[PDB]
Amino acid sequence: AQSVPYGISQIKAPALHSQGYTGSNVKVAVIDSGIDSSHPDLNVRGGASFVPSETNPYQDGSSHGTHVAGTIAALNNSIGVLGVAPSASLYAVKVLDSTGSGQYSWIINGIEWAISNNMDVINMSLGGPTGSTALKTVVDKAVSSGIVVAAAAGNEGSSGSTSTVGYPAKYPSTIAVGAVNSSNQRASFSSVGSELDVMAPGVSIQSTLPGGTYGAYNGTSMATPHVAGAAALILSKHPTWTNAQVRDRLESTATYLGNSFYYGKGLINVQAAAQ
Ligand SMILES: [Ca+2]
Ligand SMILES: [Ca+2]
């Protein structure tokens, strides 16, 4: 039996599926710890590793690259879960090792690979309190080149009036994604700040795990792939739209949930975004 995780429904992805749009031909780079390319509920088209200690992008010792991949594009079939964009072309761009850690140089090499391989969408469920000019440059380059880049806002909660949004989410060029629960309340851990753009389900998100299993995780790192996946859905329905159009629709049609410091434009609604 296949389950549809609550988050997939919450963002209204099934509406697109019902229209015959599932992310076909859209190239999504999962810039993370790799993807277990053998998972029965995943199909991985290509990729590359930039982690010195881990040469194979199709093995995932962290679990998170595989989990993120499943939220984006877990296959529509009789098993497991269902991705926001179940027909999307997944690429495993390994820049984090099995500890979920990576150097900015590795991450940068991964973004460079995504650009030179003409990805349509980048998912970066990764963040730190700081970044670097070289990181900003390549991120901005990916976006100016035409790629939709979604990045996790961070799990640093609130701190009075100061931003707790991490990088690369902090860069204006990326879509910074915060986490709500199934009630549309911001999760207590969700980072806040003027850099916040949209929200997506990020509490107990069920997805694929290496080895052919499934499990749930909390975090903005799990909210982000809903937005990456939504971008792919939108592109499959509207192949001629630029990344700027895609982002504008996602933000402009979001469901208002509260003050933007905490919720950005609110919850993505891919049905409205792709209308
Ligand atoms: Ca499935
Ligand atoms: Ca941003």
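Numbers here mean position along the shown chain, with the first residue as 1.
From the backbone N, Cα and C atoms, a Cβ is placed for every residue, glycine too.
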Same-site Ca(2+) 2 binder from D120, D197, given that Swiss-Prot records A169, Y171, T174:
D197
Of the candidates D41, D60, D97, which does Swiss-Prot annotate as part of the Ca(2+) 1 site that also includes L75, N77, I79, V81?
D41
Can you figure out which of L75, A169, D197 (the binding-site residues) comes closest in space to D32 (active site, charge relay system), comparing Cα atoms?
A169
Same chain, not part of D41, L75, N77, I79, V81: whose C-beta falls within 8 angstroms of the C-beta centre of the Ca(2+) 1 site? Give them in sequence order.
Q2, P40, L42, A74, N76, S78, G80, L82, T208
Enumerate in sequence order the recorded positions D32, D41, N77, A169, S221 whose Cβ-atom distance to ligand 1 is under 6 angstroms.
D41, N77
Cβ under 6 Å from ligand 2: qualifying recorded positions of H64, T174, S221:
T174
